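For reference, data-v7.cif is printed below; it contains mmCIF, C-alpha atoms.
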data_query
#
loop_
_atom_site.group_PDB
_atom_site.id
_atom_site.type_symbol
_atom_site.label_atom_id
_atom_site.label_comp_id
_atom_site.auth_asym_id
_atom_site.auth_seq_id
_atom_site.Cartn_x
_atom_site.Cartn_y
_atom_site.Cartn_z
ATOM 1 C CA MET A 1 -148.689 -60.225 8.734
ATOM 2 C CA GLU A 2 -148.782 -62.935 6.011
ATOM 3 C CA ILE A 3 -151.111 -62.000 3.099
ATOM 4 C CA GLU A 4 -153.846 -64.487 1.939
ATOM 5 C CA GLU A 5 -152.497 -64.103 -1.676
ATOM 6 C CA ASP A 6 -149.458 -66.198 -0.465
ATOM 7 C CA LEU A 7 -151.876 -69.194 -0.248
ATOM 8 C CA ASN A 8 -152.879 -68.585 -3.926
ATOM 9 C CA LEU A 9 -149.151 -68.053 -4.771
ATOM 10 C CA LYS A 10 -147.945 -71.189 -2.887
ATOM 11 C CA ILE A 11 -150.559 -73.329 -4.730
ATOM 12 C CA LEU A 12 -149.535 -71.477 -7.957
ATOM 13 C CA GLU A 13 -145.945 -72.873 -7.610
ATOM 14 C CA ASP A 14 -147.158 -76.134 -5.887
ATOM 15 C CA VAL A 15 -149.569 -76.977 -8.742
ATOM 16 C CA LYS A 16 -147.066 -76.124 -11.527
ATOM 17 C CA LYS A 17 -144.147 -77.978 -9.769
ATOM 18 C CA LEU A 18 -146.166 -81.155 -9.004
ATOM 19 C CA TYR A 19 -147.659 -80.873 -12.545
ATOM 20 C CA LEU A 20 -144.199 -81.048 -14.231
ATOM 21 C CA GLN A 21 -143.060 -83.885 -11.942
ATOM 22 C CA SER A 22 -146.222 -86.100 -12.118
ATOM 23 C CA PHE A 23 -146.902 -85.359 -15.868
ATOM 24 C CA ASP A 24 -143.417 -86.852 -16.563
ATOM 25 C CA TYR A 25 -144.135 -89.729 -14.073
ATOM 26 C CA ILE A 26 -147.460 -90.548 -15.857
ATOM 27 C CA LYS A 27 -145.699 -90.536 -19.317
ATOM 28 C CA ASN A 28 -143.034 -92.849 -17.777
ATOM 29 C CA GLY A 29 -145.535 -95.146 -15.964
ATOM 30 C CA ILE A 30 -147.500 -95.224 -12.647
ATOM 31 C CA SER A 31 -145.163 -97.220 -10.281
ATOM 32 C CA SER A 32 -142.921 -99.536 -12.377
ATOM 33 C CA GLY A 33 -143.002 -102.569 -10.038
ATOM 34 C CA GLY A 34 -142.133 -101.752 -6.391
ATOM 35 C CA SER A 35 -141.993 -97.908 -6.708
ATOM 36 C CA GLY A 36 -139.816 -97.215 -9.801
ATOM 37 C CA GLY A 37 -141.918 -95.144 -12.238
ATOM 38 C CA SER A 38 -140.133 -91.757 -12.097
ATOM 39 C CA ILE A 39 -141.250 -89.798 -8.980
ATOM 40 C CA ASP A 40 -143.320 -92.314 -6.944
ATOM 41 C CA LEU A 41 -145.843 -90.439 -4.759
ATOM 42 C CA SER A 42 -149.417 -91.135 -3.534
ATOM 43 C CA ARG A 43 -150.803 -87.785 -4.857
ATOM 44 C CA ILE A 44 -150.287 -86.160 -8.311
ATOM 45 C CA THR A 45 -151.248 -82.909 -10.173
ATOM 46 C CA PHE A 46 -152.390 -82.644 -13.829
ATOM 47 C CA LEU A 47 -154.402 -80.481 -16.251
ATOM 48 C CA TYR A 48 -157.371 -81.519 -18.462
ATOM 49 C CA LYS A 49 -160.755 -80.158 -19.691
ATOM 50 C CA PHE A 50 -164.043 -81.572 -18.291
ATOM 51 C CA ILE A 51 -165.528 -84.311 -20.553
ATOM 52 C CA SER A 52 -168.804 -85.545 -18.919
ATOM 53 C CA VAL A 53 -170.290 -87.105 -15.745
ATOM 54 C CA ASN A 54 -171.090 -90.811 -16.349
ATOM 55 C CA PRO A 55 -174.808 -91.698 -15.432
ATOM 56 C CA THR A 56 -173.461 -94.648 -13.353
ATOM 57 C CA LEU A 57 -171.703 -94.482 -9.916
ATOM 58 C CA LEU A 58 -168.962 -96.584 -8.193
ATOM 59 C CA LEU A 59 -169.369 -98.428 -4.828
ATOM 60 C CA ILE A 60 -166.368 -97.039 -2.893
ATOM 61 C CA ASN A 61 -167.226 -98.636 0.547
ATOM 62 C CA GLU A 62 -169.019 -101.956 1.391
ATOM 63 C CA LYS A 63 -169.448 -101.352 5.209
ATOM 64 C CA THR A 64 -171.452 -98.079 4.889
ATOM 65 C CA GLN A 65 -172.712 -98.791 1.266
ATOM 66 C CA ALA A 66 -171.871 -95.448 -0.451
ATOM 67 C CA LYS A 67 -171.456 -94.863 -4.208
ATOM 68 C CA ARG A 68 -169.679 -91.845 -5.798
ATOM 69 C CA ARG A 69 -170.259 -90.105 -9.195
ATOM 70 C CA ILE A 70 -167.849 -90.634 -12.132
ATOM 71 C CA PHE A 71 -166.132 -87.501 -13.558
ATOM 72 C CA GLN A 72 -164.579 -88.728 -16.858
ATOM 73 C CA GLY A 73 -160.944 -87.533 -16.942
ATOM 74 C CA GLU A 74 -158.986 -88.251 -20.142
ATOM 75 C CA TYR A 75 -155.834 -86.336 -21.191
ATOM 76 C CA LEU A 76 -152.828 -87.016 -23.469
ATOM 77 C CA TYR A 77 -149.646 -87.273 -21.373
ATOM 78 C CA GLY A 78 -146.809 -87.206 -23.931
ATOM 79 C CA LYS A 79 -147.983 -89.924 -26.352
ATOM 80 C CA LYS A 80 -150.502 -91.903 -24.239
ATOM 81 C CA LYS A 81 -154.099 -90.813 -23.459
ATOM 82 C CA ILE A 82 -154.682 -91.598 -19.762
ATOM 83 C CA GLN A 83 -158.432 -92.222 -19.505
ATOM 84 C CA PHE A 84 -159.418 -92.776 -15.830
ATOM 85 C CA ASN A 85 -162.459 -91.913 -13.723
ATOM 86 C CA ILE A 86 -162.051 -88.923 -11.369
ATOM 87 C CA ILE A 87 -163.807 -89.704 -8.028
ATOM 88 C CA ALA A 88 -164.690 -87.506 -4.994
ATOM 89 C CA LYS A 89 -164.042 -88.400 -1.287
ATOM 90 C CA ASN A 90 -167.185 -87.284 0.609
ATOM 91 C CA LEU A 91 -170.686 -86.086 -0.424
ATOM 92 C CA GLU A 92 -169.370 -82.493 0.132
ATOM 93 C CA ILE A 93 -166.490 -83.168 -2.335
ATOM 94 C CA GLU A 94 -168.910 -84.772 -4.853
ATOM 95 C CA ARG A 95 -171.387 -81.843 -4.708
ATOM 96 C CA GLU A 96 -168.660 -79.118 -4.989
ATOM 97 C CA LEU A 97 -167.234 -80.930 -8.089
ATOM 98 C CA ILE A 98 -170.692 -81.281 -9.845
ATOM 99 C CA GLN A 99 -171.401 -77.554 -9.013
ATOM 100 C CA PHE A 100 -167.927 -76.668 -10.402
ATOM 101 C CA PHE A 101 -168.233 -78.823 -13.600
ATOM 102 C CA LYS A 102 -171.268 -76.712 -14.765
ATOM 103 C CA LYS A 103 -169.129 -75.525 -17.713
ATOM 104 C CA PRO A 104 -168.320 -78.421 -20.194
ATOM 105 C CA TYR A 105 -164.735 -78.568 -21.666
ATOM 106 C CA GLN A 106 -163.672 -76.678 -18.500
ATOM 107 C CA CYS A 107 -159.822 -76.633 -18.593
ATOM 108 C CA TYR A 108 -158.637 -76.861 -14.955
ATOM 109 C CA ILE A 109 -155.604 -78.120 -12.972
ATOM 110 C CA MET A 110 -156.533 -80.911 -10.549
ATOM 111 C CA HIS A 111 -154.059 -80.653 -7.603
ATOM 112 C CA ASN A 112 -153.347 -83.344 -4.886
ATOM 113 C CA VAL A 113 -155.185 -86.084 -6.913
ATOM 114 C CA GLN A 114 -154.857 -89.292 -4.826
ATOM 115 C CA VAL A 115 -154.939 -92.497 -6.994
ATOM 116 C CA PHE A 116 -156.952 -95.527 -5.637
ATOM 117 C CA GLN A 117 -156.578 -99.016 -7.242
ATOM 118 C CA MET A 118 -159.623 -101.355 -6.755
ATOM 119 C CA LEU A 119 -159.347 -104.651 -4.784
ATOM 120 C CA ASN A 120 -161.172 -106.682 -2.039
ATOM 121 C CA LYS A 121 -160.813 -109.603 0.457
ATOM 122 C CA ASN A 122 -160.032 -113.015 -1.150
ATOM 123 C CA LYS A 123 -160.465 -116.263 0.871
ATOM 124 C CA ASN A 124 -164.347 -116.503 1.009
ATOM 125 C CA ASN A 125 -166.623 -116.816 4.104
ATOM 126 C CA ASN A 126 -167.823 -120.442 3.319
ATOM 127 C CA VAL A 127 -170.223 -119.885 6.311
ATOM 128 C CA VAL A 128 -173.178 -117.610 7.409
ATOM 129 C CA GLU A 129 -174.369 -117.977 3.739
ATOM 130 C CA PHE A 130 -177.970 -117.662 5.125
ATOM 131 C CA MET A 131 -177.507 -113.880 4.392
ATOM 132 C CA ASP A 132 -177.172 -114.764 0.638
ATOM 133 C CA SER A 133 -180.242 -114.179 -1.631
ATOM 134 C CA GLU A 134 -178.813 -116.381 -4.486
ATOM 135 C CA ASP A 135 -176.365 -114.039 -6.313
ATOM 136 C CA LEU A 136 -172.986 -115.375 -7.589
ATOM 137 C CA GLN A 137 -170.370 -112.579 -7.958
ATOM 138 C CA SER A 138 -169.399 -111.547 -11.545
ATOM 139 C CA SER A 139 -165.805 -110.898 -12.819
ATOM 140 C CA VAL A 140 -164.807 -107.200 -12.297
ATOM 141 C CA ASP A 141 -161.600 -105.690 -13.824
ATOM 142 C CA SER A 142 -159.575 -104.118 -10.935
ATOM 143 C CA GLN A 143 -159.082 -100.591 -12.437
ATOM 144 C CA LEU A 144 -157.438 -97.542 -10.717
ATOM 145 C CA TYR A 145 -159.774 -94.517 -10.254
ATOM 146 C CA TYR A 146 -158.247 -91.065 -9.464
ATOM 147 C CA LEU A 147 -159.765 -89.971 -6.088
ATOM 148 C CA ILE A 148 -160.209 -86.262 -5.134
ATOM 149 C CA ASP A 149 -159.996 -85.663 -1.364
ATOM 150 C CA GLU A 150 -160.749 -82.542 0.774
ATOM 151 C CA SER A 151 -156.966 -81.691 0.548
ATOM 152 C CA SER A 152 -157.348 -81.489 -3.293
ATOM 153 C CA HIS A 153 -157.802 -78.147 -5.161
ATOM 154 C CA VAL A 154 -159.222 -77.886 -8.735
ATOM 155 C CA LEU A 155 -157.933 -74.548 -10.212
ATOM 156 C CA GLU A 156 -160.014 -73.350 -13.227
ATOM 157 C CA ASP A 157 -157.986 -71.499 -15.948
ATOM 158 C CA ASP A 158 -160.573 -69.196 -17.633
ATOM 159 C CA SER A 159 -157.826 -68.302 -20.173
ATOM 160 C CA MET A 160 -155.049 -70.513 -21.715
ATOM 161 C CA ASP A 161 -152.071 -68.553 -20.187
ATOM 162 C CA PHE A 162 -151.552 -70.926 -17.188
ATOM 163 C CA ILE A 163 -152.153 -73.914 -19.557
ATOM 164 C CA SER A 164 -149.504 -72.245 -21.827
ATOM 165 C CA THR A 165 -147.041 -71.971 -18.880
ATOM 166 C CA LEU A 166 -147.541 -75.631 -17.826
ATOM 167 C CA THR A 167 -147.358 -77.360 -21.260
ATOM 168 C CA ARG A 168 -144.251 -75.302 -22.341
ATOM 169 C CA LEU A 169 -142.564 -75.964 -18.930
ATOM 170 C CA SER A 170 -143.212 -79.767 -19.103
ATOM 171 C CA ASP A 171 -142.840 -80.350 -22.916
ATOM 172 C CA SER A 172 -143.503 -83.620 -24.874
ATOM 173 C CA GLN B 1 -166.321 -95.854 8.955
ATOM 174 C CA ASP B 2 -164.731 -93.735 6.159
ATOM 175 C CA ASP B 3 -165.679 -93.860 2.398
ATOM 176 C CA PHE B 4 -162.058 -94.750 1.377
ATOM 177 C CA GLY B 5 -161.123 -96.186 4.817
ATOM 178 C CA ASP B 6 -161.070 -99.833 6.127
ATOM 179 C CA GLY B 7 -163.921 -101.669 4.285
ATOM 180 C CA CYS B 8 -163.452 -99.819 0.960
ATOM 181 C CA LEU B 9 -163.458 -101.497 -2.526
ATOM 182 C CA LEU B 10 -160.279 -99.483 -3.449
ATOM 183 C CA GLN B 11 -156.878 -98.829 -1.737
ATOM 184 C CA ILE B 12 -154.372 -96.005 -2.440
ATOM 185 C CA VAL B 13 -151.293 -96.782 -4.697
ATOM 186 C CA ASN B 14 -148.200 -96.848 -2.358
#
Step by step, read the file and then write its structure as structure tokens.
Amino acid sequence: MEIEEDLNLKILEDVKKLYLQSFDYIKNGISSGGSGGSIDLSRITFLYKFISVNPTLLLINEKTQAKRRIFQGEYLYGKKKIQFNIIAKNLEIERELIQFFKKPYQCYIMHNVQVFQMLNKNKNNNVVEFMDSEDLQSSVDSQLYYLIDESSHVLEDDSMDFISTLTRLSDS
Amino acid sequence: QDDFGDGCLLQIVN
């Protein structure tokens, strides 16, 4: 029989391993051109303490018109302070995060963090403009927001011993 | 369909 602790022990080594790798990759740069940062993967793992939830939300899907809460995630990787907005996938992922971020300055390790860069269609309808209510679209900066899916795991370190392990293993 | 699926305002870096 395999013990359930082996799940907690696999994510122990999975979090710390992916932390070292991606931490270095984020210091180096997120995808230098066509995949050439350091270790180019879709999902990363890092550590930071909870800042705040922004009062505003982000429209993540136009078809089904859903907006997701902003969990402000800034941390100093090496020299640079990477300040990007942590997002949730579903309503269940949003609610578990807001119920988890009850403690401010909560130092946790966000595992399996899937980065999403903003974009849209670009050629224009030029037709069926009867649906329009007179509203010309404003200029939005296409930023990358760090999405948290249902495969993600946010591990809270109540102490600073796992933080100690990670920062001394990575080094800057 | 899906929040981050086809018809999203954001696509995964890959």
Legend entry - Distance of CA of residue 5 in chain A from CA of residue 160 in chain A, expressed in Å to one decimal place: 21.2 Å
Inset, instruction - Mind giving me the straight-line distance from CA of residue 41 in chain A to CA of residue 83 in chain A in Å, one decimal? - result: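 Separation between CA of residue 41 in chain A and CA of residue 83 in chain A: 19.5 Å.
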Legend entry - Contacts of residue 14 in chain B within 12 Å, only C-alpha atoms, excl. fewer than 3 positions in-chain, as a VMD selection string: (chain A and resid 30 to 37 39 to 43 114 to 117) or (chain B and resid 11)
Inset, instruction - Report the residues retrieved by the PyMOL selection byres ((chain B and resi 2) around 10) from the displayed file, expressed as an NGL selection string. - result: (:A and (60-61 or 63-64 or 66 or 89-90)) or (:B and (1 or 3-8))
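Interatomic distance, CA of residue 119 in chain A against CA of residue 49 in chain A: 28.7 Å.
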Inset, instruction - Find the residue from A:92, A:62, A:132, A:6 that sits nearest to chain B; use only C-alpha atoms when measuring. - result: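 Using only C-alpha atoms, the shortest distance to chain B belongs to A:62.
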Inset, instruction - Report as a ChimeraX atom specification the residues that result from applying the PyMOL selection byres ((chain A and resi 68) around 9) to the structure here. - result: /A:56-60,66-67,69-70,87-91,94
What's around residue 75 in chain A at 9 Å? Count all atoms listed in the file, leave out sequence neighbours fewer than 3 positions away in its own chain, and write the answer as a CSV table (one decimal) with C-alpha atoms, in the frame of the given file.
chain,number,residue,atom,x,y,z
A,46,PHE,CA,-152.4,-82.6,-13.8
A,47,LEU,CA,-154.4,-80.5,-16.3
A,48,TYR,CA,-157.4,-81.5,-18.5
A,49,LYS,CA,-160.8,-80.2,-19.7
A,80,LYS,CA,-150.5,-91.9,-24.2
A,81,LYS,CA,-154.1,-90.8,-23.5
A,82,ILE,CA,-154.7,-91.6,-19.8
A,83,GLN,CA,-158.4,-92.2,-19.5
Legend entry - Which of A:53, A:26, A:98, A:144 sits closest to residue 10 in chain B [using all atoms listed in the file]: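 Residue with the minimum atom-to-atom distance to residue 10 in chain B: A:144.
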